Structures are given as structure tokens and as C-alpha cells.
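Quick setup: the C-alpha cells below cover two forms of a single protein chain, split into structure 1 and structure 2.
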Structure 1
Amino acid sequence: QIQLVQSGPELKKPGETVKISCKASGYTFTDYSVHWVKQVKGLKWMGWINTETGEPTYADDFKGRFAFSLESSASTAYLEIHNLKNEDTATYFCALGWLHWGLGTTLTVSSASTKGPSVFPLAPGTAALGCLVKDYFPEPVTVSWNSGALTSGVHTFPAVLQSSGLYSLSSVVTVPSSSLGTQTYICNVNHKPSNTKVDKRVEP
């Protein structure tokens, strides 16, 4: 009967400030501490707020830029982060102590502007082929092959954040060498944040 509802995904630029909320229900809000946890790839405890006195308590690595606050009458807790940094990129959870975790709020901090990917071919018994989906922002990108018709032996990799600050990923697939002359292979790439769609025919 306990629920913790958190605010939606955030996309911020370095130096800005973000405010994340955690709305509690099903219990006496002011009796139990709310904790905050950061997950990037492991979990980092950020501290807790006393829901009775309002007093916040910060873990060592979270001292200067982080503020825990409340609206007790509204059964809501807040995490405010100022002077945002790239490495603030993460999922943030509020928790009712150890008993119950919020759904989490993903925060992405980047100076990058929205940009569609360039799509390059990975040419060409078994042959491998694929599409390199390079330099896009923000996530996500989705890839299919032959409009969803080909899924066997298709591997679409999780994106990596490059040195440039832009994402890149690849999608690959293995086929018989024999079919290369006769079968058509097209990767369908969708990056909705830029309304970019690309169909890239992949040839030997």
C-alpha cells in the first residue's frame, strides 16, 4: 500500500539546476526518513532527510551541490542539484529507508544539441554485416532490419557515449555467404528526438 511517485526524465546542460520530486502515499509521511540513491554502474547512497524536522544529511561525496527539501503538507520530498555536471548523469531514486524504492528519475546532463545520426554500412559459410549508427543526441535510437522481417542473428548493441559527447551504436546480423548476391539487407534506423529516419541498404 506504499507508493513513491517520482518526477519524469530530465535533460539538462552543465551549470543548470534540476529539481526532482518524490511523492509519497499510503503512510504517515513525516514519521519516516526519505533517502536518496544515485545509480550510474553501481549504487551510491547520497544521504537522507528527516521528514519530521526537515534536517538533511549528506554523504561525503554529495556535500556542496545537493539539496534535500520537503513539502510535508504535500507528502513530497525534493532533490535539487545545482551547477550540474556531466557526471551527474544517472538515475536517482528516493526510498522510504530500505523498505521501498521509488521508480527513479533519469537525469542526463550534456552540452550537446539534438542531432540525427549518420548511418554507415558494415560491409559486406557465414557472413556478417551491419550498420554503424554514429554521432547522435540524445538517446534513444532504434534499429530494425528489412522493416522488422529479419530478426534472427540480429544484434543491436547498447549505445556508447563517445569522447565527442555524442552517442554511437552498431547493429549487426549474420547471414549465409550464399545469399549475399540475392538477398536484400536494409537497416531501418529511427532517431525520434530529431525526427531522423534512415534506411541504409547494406551491400557486399
Structure 2
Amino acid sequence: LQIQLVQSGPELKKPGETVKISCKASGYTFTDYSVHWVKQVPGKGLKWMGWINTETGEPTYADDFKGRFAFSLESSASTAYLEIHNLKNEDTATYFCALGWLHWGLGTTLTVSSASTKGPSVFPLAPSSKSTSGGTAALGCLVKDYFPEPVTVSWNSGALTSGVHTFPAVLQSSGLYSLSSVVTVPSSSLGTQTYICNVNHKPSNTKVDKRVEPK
């Protein structure tokens, strides 16, 4: 069996609010391993927050996390929870549940900000005689004016991955983010192949599919 720790999705919260993040365990005996929580700040530094005993439900907190943090579990659902109350700017981070040192979950990205959520506008980057290098053409999608991070982009529902480049977002003076995703393909094939970018911004339930074709 493959150990799986599925965590809840990216969230944006305002200062002072409460958030509850889940870690659902499958592929192993839940009561066999304690569940630890680790905070990774955007800078990538890691901080161990404490752990919860899955047999008894008893949590233990690291000193820095005694106050606004609560670990709990739901036995019947093999699920561990991290609840943070009175959220502060410094709580912005990715939070991992982990089976001690053995296995990390995929993490939950939390942003704490007074700014409103904003879904992206998605525009085609259309191939042409000037996005043509040798017999290679480039095309893509511009994903503009969203908040907060992150946003996911795929091509042809995951079927197109070769040569795909999805750029780190830039911060605009407006406080909104923007990025592009591009791909290179044969220029000879632009009339017969179909290229769709799939953009998902979970913090705003925005999903868009944009077909990209020569202008």
C-alpha cells in the first residue's frame, strides 16, 4: 500500500480569522503513527510545530506554537486537523502533516492578508511568424491579475507536458500577481494540433480552459 496524506487546498484568510486545515490518511493503519505538523515559510525555512498521538488524540506543542494552535483528530475518518486561531501576517506559509520523519504530505498553502481574493483573466499567447524559431513555434497563456498565489496551469488536461514552461508569478505594482505558461511545438503542425491551457485558481474557484491558436 502507498501511504497517502491528503491535505486541504490553498486558502486565503484575513488577519484575526480562524482556519482549519485537514490531513486525511489512507494506505496505512492510522493509529500506527503519530502525526506531526511542520511549517515551511515562503523563504523555505522549516519549523516543527509539534505532534498528535493518533491512539489517544493527545497533542503536544512546540513552545513557539503554544497558544493559537490546536491539533485534533477525527478517529473514524482517519483525519488529523490543524486549527490556527487569531491569524497573523506571519502565519503565511505551507503547512505539512508528516508521519514523524517517515513521510510528508503535500502541504497546504496559507496566505493571511487583508486583500480580497481575485481570480485571473486568461489570454492566449498566439503563435505566429515571430514566435517561430527554426521550425519551432511557441504558444502559451497569459494568466493575469490574480490573488493570492498559487495558480495551477496544465495543457490539454495534462496530456501536453513536454516543453511546457509555467513561469513563477511576478508581483505587479497593483498587488496582483501575473504569470504566463508557454510551450514549444512544431511550426508545421499549428493548423492540425489543438492546444488548450487549463487554468485553476482554487482560492477563487476560477477554472478556465482557453484554446490557443494562430491569430
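Numbering for residues begins at 1 and runs along the sequence of structure 1. Only the largest set of C-alpha atoms that superpose within 1.5 Å between the two forms is called the rigid core.
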{"query": "Per-residue C-alpha change between the two structures, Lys192, threshold 2 Å, rigid core fit", "finding": "yes"}
{"query": "Rigid core superposition, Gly116 Cα moves 2 angstroms or more between the two structures", "finding": "yes"}
{"query": "Angle of rigid-body motion between the two structures, smaller part versus larger, in degrees", "finding": "54"}
{"query": "Core-aligned Cα shift of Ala159 between the two structures, given in Å", "finding": "6.5"}
{"query": "Cα shift between the two structures at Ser7, which is computed once both forms share a superposed rigid core (Å)", "finding": "0.1"}
{"query": "Distance the CA of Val143 travels between the two structures [rigid core superposed, Å]", "finding": "13.9"}
